[PDB]
């Protein structure tokens, strides 16, 4: 036979991405796209098919040091530009992200697996941080404080912290990059980005578009490979004044510990174990639709995903029945296929953790209402699952499942559910469903979480502060407050000042 024998299943989509200049197989250090110093690489695989998309460089300490030096050299000129000038350049980057959203969405599908509608939604959401901070760059206001000393005048100026090291996870391959890079650049910082080695292609496409937008070389640098060696170079550098990380609690805690020796500013977003409380007076359709969206988006692979649902005694049977019917309409498969609403889990480790949580729950009395097994598609596809009769002794109650498994815990009183929701060291997202004004405000105030969805399952937005309390994080991303993480305050006291004339 004669004809094209492709190595991958989506060569047409890869060819279009490459024709658009969005497919990259090298890192970015200063004014050059580079390989690792020894030419070593690592494969990036499509989780739905198992096929290699491309190899990317396997970089370490040396490349990270060169990326930090390039960012430090670029900082002087970038930080001295007017806010208006940085704003114009960041808006050009925002426009290019939006212009290329359909192709960028497909690249997210290929390397991370989520359905195309979710991936295009992620480009719109991720790009929104670029627009938001392009506007916020011009709103870094200083202060004039009334002085209690007649001969002194007091000012507060705000200035960029310096070089930022940003480390991102695989579950939102664009939005996790822009959430960190956009405020840093807006403030006048330069960045060294280490995306997840599982999903680096979207970060490299985003950096290509940043260069096309006129972001000078060295302002954005992208390295990947030996995550430990790259992280250690970031921590050991005195030029890196801030580190921002999103990912696992264990890695986050080590970075925070390592940051101590150079007193770096640190912002982290770590594990979440989101409780969702469905009260007796909830609007049933709003609750079912809200929990379906909050739990199963990205096949449960978000740190704001609903991890455990507390359902009040009077609404339990009606909720379990309607929720099972809604979950049964979910469809698993390749994210480039229309009608698909569940993608595969990122890898075999993720699948094994989901199976460990389901087995532990069933061994402790949980009832499988829907799913509870590997999907017929094989690989890392798992059936959307609901576990009834769950309890506080189960692994799924105590730890983040990061998969499409929804456990239901029955409860009697409002106070019982709230105390149970607050009884952990997590504090990222929480949810509540009630039609009552007093109960709704009370539950929102009582929940010890950085974010609360009240009659809402999808809370993500660039305009609001996102982050955790307790062991779920430090600092916030999004909103006017997101920019403060990248600034240093300076109090200036002017002395020998005169009294005004009559």
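Numbering follows the first chain given and starts at 1.
J.: According to the deposited model, is the average Cα temperature factor higher in 244 to 252 or in 357 to 365?
T.: So the stretch with the higher mean C-alpha B-factor is 357 to 365.
J.: Using the B-factors recorded in the PDB entry, average over the C-alpha atoms of 147 to 155 and of 375 to 383, then report which stretch comes out higher.
T.: Comparing 147 to 155 with 375 to 383, the higher mean C-alpha B-factor belongs to 375 to 383.
J.: Check the PDB entry and point out which of 401, 428, 71, 137 has the largest C-alpha temperature factor.
T.: Answer, based on the entry's C-alpha B-factors: 401.
J.: Kindly indicate the residue among 261, 91, 194, 114 with the greatest C-alpha B-factor in the PDB record.
T.: Of the candidates given, the C-alpha B-factor peaks at 261.
J.: Taking the values exactly as deposited, rank residue 397 by C-alpha B-factor within its chain and report the matching third: lowest, middle or highest.
T.: CA B-factor rank for residue 397: highest third.
J.: Test of reading the entry: by CA B factor among the chain's modelled residues, which third contains residue 35?
T.: Middle third of the chain for residue 35's C-alpha B-factor.
J.: Report the third (lowest, middle or highest) to which the CA temperature factor of residue 48 belongs, ranking only the modelled residues of the same chain.
T.: Highest third.
J.: Sorting the chain's modelled residues by C-alpha B-factor, tell me whether residue 317 ends up in the lowest, middle or highest third.
T.: Within its chain, residue 317 is a highest-third residue by C-alpha B-factor, going by the deposited values.
J.: Within this chain's modelled residues, let me know which third the CA B factor of residue 55 belongs to: lowest, middle or highest.
T.: Highest third, going by the recorded CA B-factors of the chain.
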